Amino acid sequence: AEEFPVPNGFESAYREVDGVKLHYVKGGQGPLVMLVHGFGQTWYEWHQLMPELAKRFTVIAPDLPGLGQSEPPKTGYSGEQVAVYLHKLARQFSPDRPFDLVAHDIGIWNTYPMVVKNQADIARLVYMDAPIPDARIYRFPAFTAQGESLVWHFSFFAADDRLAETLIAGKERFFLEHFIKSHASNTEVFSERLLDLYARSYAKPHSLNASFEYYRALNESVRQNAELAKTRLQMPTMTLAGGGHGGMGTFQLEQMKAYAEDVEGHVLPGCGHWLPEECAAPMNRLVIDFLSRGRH
Amino acid sequence: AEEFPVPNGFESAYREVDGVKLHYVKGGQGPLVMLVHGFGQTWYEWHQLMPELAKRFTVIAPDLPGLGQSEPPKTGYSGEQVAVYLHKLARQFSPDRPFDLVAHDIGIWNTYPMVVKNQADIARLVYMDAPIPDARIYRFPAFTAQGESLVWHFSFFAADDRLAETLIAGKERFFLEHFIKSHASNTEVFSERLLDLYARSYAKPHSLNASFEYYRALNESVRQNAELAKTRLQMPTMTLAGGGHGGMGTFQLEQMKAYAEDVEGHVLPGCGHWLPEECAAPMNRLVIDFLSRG
């Protein structure tokens with residue numbers, strides 16, 4: 001039983017990590033690259049990029065704890081807690097060599113701590129379209145002169161009393177179409193069929209709840225990262241962000257400069273938050289080229 | 001039937017204004033004071049103040065267009081459009097004298113344009129706990145280090161696809177209790193019963209939609225007010241804001257100083273956004289005293 005179709009030549013599998021059963025999709029040969037998805041989605045956001053990377057790399061794309069087909073975390077949802085699971089998963093497949101990391105959205109939140117704590121395990125790093133949790137997140141506006149702001153949902157999802165789950169339960173498909181399209185420039189790629197796929201996954205009650213627990217832990221992740229950020233990242237890094245409606249634009253690189261010694265950034269015109277789907281050709285090319293600078 | 005109990009000596013009635021049937025509750029004798037409610041509520045938020053004010057004034061408390069028992073507006077939900085209805089209603093009862101105006105929350109949004117454009121009609125002004133729509137609203141944060149921010153709902157409510165109605169329909173009581181409590185210091189003053197009354201009113205389909213249409217018109221109101229604010233307010237003005245969790249604090253007076261030549265402000269410690277309920281007695285006193293100077 002698979003929530004999303006596996007690309008030809010890939011396998012859907014599971015690994016128990018610290019008592020939590022993580023789902024992932026894997027294929028290819030060579031040095032390892034781990035691709036980590038974000039909110040509203042699963043490993044499947046990477047399904048177009050995966051076959052291309054598999055020609056040069058071993059590719060693994062896990063579902064975040066609680067999301068897709070992965071069990072919820074047993075420790076907690078703060079970035080530092082979740083990063084342990086992802087770090088241990090990757091090291092199972094690459095115990096003797098550094099691996100590459102690509103992360104989108106909350107995939108960033110859930111990987112940053114293990115990157116900074118295990119820098120020698122990370123060969124190269126690509127982060128896309130979302131802030132690393134730090135004090136900058138408190139500067140985003142609640143409301144803009146154009147309408148709804150980029151991250152007002154932080155408060156919605158973090159709110160007490162299970163506000164978000166209570167409102168969205170039974171309306172997951174409606175909500176996700178709105179959330180995704182409101183954060184997109186090229187909305188046309190989100191067909192009803194594709195939205196049905198993503199909505200069916202996050203509508204699993206434990207998944208709807210897990211989704212919001214990442215936001216309930218956001219302030220804790222900020223506190224964690226305040227300490228971790230005292231040591232800059234030393235490996236080659238690339239940031240990508242959408243320049244169109246719903247994207248992070250110039251914020252992505254500007255924030256990353258405070259975190260990394262070696263960073264190059266790109267803003268993709270006419271692309272919002274959902275880079276792998278909205279702008280597959282240019283995003284895939286940027287990722288493949290950047291990672292092919294290293295061993296493969 | 002009435003959505004809320006009418007105080008002794010008051011009447012619930014209706015008047016047509018520009019083709020729109022407005023509900024209001026009215027009582028007392030003397031010069032007119034109009035009291036204008038905000039989001040989540042109706043004329044009823046003023047029910048404790050009304051009898052006291054009615055000893056010295058004619059008091060009218062309308063339901064905003066589309067909310068409580070008032071028909072939706074036929075023009076629109078921007079500040080300038082809604083303010084026409086409220087100005088004309090007040091003028092029906094006070095044609096020969098200026099009247100006083102007291103407003104809370106989006107009642108401010110829906111009155112400011114008629115105040116600035118008809119200053120000779122407004123004797124004294126009291127504004128409570130919410131920003132006048134201007135560029136200052138774009139500075140409020142989306143999120144805070146303690147959790148949800150004060151005005152993220154501006155985006156939730158302004159969103160298209162009927163996002164707010166669709167998610168909140170069927171859970172109106174649940175949502176409103178959360179909203180009130182997240183903007184309150186004193187949640188105790190909100191009985192389960194009071195929450196039931198307010199929730200049943202705004203749950204009416206046309207009222208749920210109307211509620212959010214005020215927010216969908218917010219940027220338009222900001223743009224309207226950018227032009228209107230070229231003329232400063234000249235009448236005696238007072239601001240009130242809650243000093244506790246949920247309140248506007250010092251922002252209220254500081255913003256108002258940019259609009260009004262003659263303004264005094266108070267921040268009420270231990271009170272959040274819902275001043276008439278969380279801090280009924282001190283709020284009532286400050287309003288009565290300020291309006292009784294005239």
Side-chain angles (χ1 to χ4, degrees), chain A residues 7 10 25 27-28 30-62 90 98-112 115 122-132 150 180 183-190 233-296:
Chain A
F10 284 71
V25 177
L32 181 73
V33 177
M34 179 166 62
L35 313 175
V36 186
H37 74 87
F39 169 79
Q41 303 191 305
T42 65
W43 75 268
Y44 191 68
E45 65 162 301
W46 304 115
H47 80 274
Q48 298 186 70
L49 176 58
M50 288 162 69
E52 301 169 351
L53 284 177
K55 297 181 181 177
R56 299 171 157 178
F57 298 99
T58 304
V59 182
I60 190 175
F99 59 94
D100 294 334
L101 178 64
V102 182
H104 183 195
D105 192 67
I106 68 169
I108 292 172
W109 304 1
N110 290 315
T111 60
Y112 167 74
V115 177
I122 311 299
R124 305 179 77 86
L125 176 71
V126 181
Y127 272 175
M128 313 183 188
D129 216 82
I132 298 173
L150 289 169
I180 290 179
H183 288 87
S185 179
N186 291 335
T187 62
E188 65 280 345
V189 305
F190 294 101
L233 301 174
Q234 303 295 336
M235 76 287 296
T237 74
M238 181 175 69
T239 62
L240 306 181
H245 185 88
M248 290 301 312
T250 57
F251 177 92
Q252 196 77 34
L253 176 60
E254 289 313 291
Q255 175 189 47
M256 191 67 169
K257 285 181 180 174
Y259 284 82
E261 297 288 9
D262 183 351
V263 55
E264 71 166 62
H266 302 269
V267 173
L268 285 68
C271 312
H273 174 63
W274 315 96
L275 300 182
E277 288 138 332
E278 287 185 64
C279 300
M283 194 214 77
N284 290 175
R285 177 48 63 193
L286 283 164
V287 173
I288 295 164
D289 289 348
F290 181 77
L291 295 184
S292 299
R293 295 187 197 178
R295 296 186 301 265
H296 72 269

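In what follows, chains are A, B, ... by sequence order, proteins preceding strands, each numbered from 1.
- The closest side-chain heavy-atom distance from A/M128 to A/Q252 is not below 4.5 Å.
- When all heavy atoms are compared, the tightest approach of A/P51 to A/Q48 is CD-O, 3.5 Å.
- For the atom pair CD1 (A/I106) and CZ (A/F39), the distance works out to 8.0 Å, reported to the nearest 0.5 Å.
- Below 30°, between 30° and 60°, or above 60°: for A/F190 and A/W274 the angle between ring planes is above 60°, a perpendicular geometry.
- A distance of 15.5 Å separates CZ of A/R295 from CZ of A/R56, quoted to the nearest 0.5 Å.
- Within the 4.5 Å cutoff, the side chain of A/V287 has heavy atoms near those of the A/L240 side chain.
- Considering all non-hydrogen atoms of both residues, A/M248 and A/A130 come closest at CG-N, 3.6 Å.
- You'll find the side chain of A/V102 reaches within 4.5 Å of the side chain of A/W46, heavy atoms only.
- In this view, A/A258 and A/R136 satisfy the side chain to side chain contact (heavy atoms under 4.5 Å, CB included) rule, not counting sequence neighbours.
- Note: A/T111 OG1 to A/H104 NE2 = 12.5 Å, rounded to the nearest 0.5 Å.
- Taking the salt bridge (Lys or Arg N to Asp or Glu O under 4.0 Å) definition, one finds that A/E52 meets it with nothing, sequence neighbours left out.
- The salt bridge (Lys or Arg N to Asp or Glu O under 4.0 Å) pairs that include a residue from residues 274-285 of chain A are A/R285-A/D289, where partners are two or more places apart or lie in different chains.
- Of all non-hydrogen atoms in A/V25 and A/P7, the two that sit nearest each other are CG1-CD, 4.4 Å.
- The shortest distance between side-chain heavy atoms of A/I288 and A/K55 does not fall below 4.5 Å.
- Distance CG/A/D129 to CZ/A/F251: 10.5 Å, rounded to 0.5 Å.
- A/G272 and A/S185 make their closest contact through N-CB, 3.5 Å (heavy atoms, listed as atom of the first residue, atom of the second, distance).
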Applying side chain to side chain contact (heavy atoms under 4.5 Å, CB included) to A/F10 and A/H47, what does each step give before you reach the verdict? CA-CA 10 Å; A/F10 284 71; A/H47 80 274; over 6 Å; no
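- For residues 241-296 of chain A, every residue pair satisfying the disulfide (SG to SG under 2.5 Å) rule, not counting sequence neighbours, is listed here: A/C271-A/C279.
- For A/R293, the salt bridge (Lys or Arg N to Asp or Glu O under 4.0 Å) test picks out A/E264, with sequence neighbours left out.
- Residues satisfying the salt bridge (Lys or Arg N to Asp or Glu O under 4.0 Å) test with A/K257, not counting sequence neighbours, are A/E254.
- For A/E45 (side chain) and A/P276 (main-chain N/O), no donor-acceptor pair under 3.5 Å exists by modelled atom type.
- A/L49 places a side-chain heavy atom less than 4.5 Å from the side chain of A/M283.
- The residue from A/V126, A/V267, A/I108, A/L253 that alone fulfils the side chain to side chain contact (heavy atoms under 4.5 Å, CB included) condition with A/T239 is A/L253.
- Residues A/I122 and A/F99 are in side-chain contact: their nearest non-hydrogen atoms beyond the backbone lie under 4.5 Å apart.
- Distance check: A/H183 NE2 to A/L150 CG gives 5.5 Å after rounding to the nearest 0.5 Å.
- Heavy-atom minimum distance, A/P236 versus A/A123: CD-O, 3.4 Å.
- Taking every heavy atom of both residues into account, A/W43 and A/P62 meet most closely at CB-O, 4.1 Å.
- Taken to the nearest 0.5 Å, the CD1 atom of A/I60 stands 13.5 Å off from the CG atom of A/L53.
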Show your reasoning for whether side chain to side chain contact (heavy atoms under 4.5 Å, CB included) applies to A/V115 and A/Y127. CA-CA 12 Å; A/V115 177; A/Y127 272 175; 4.0 Å; yes
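- A side chain to side chain contact (heavy atoms under 4.5 Å, CB included) with A/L101 holds for exactly one of A/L32, A/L125, A/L291; it is A/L125.
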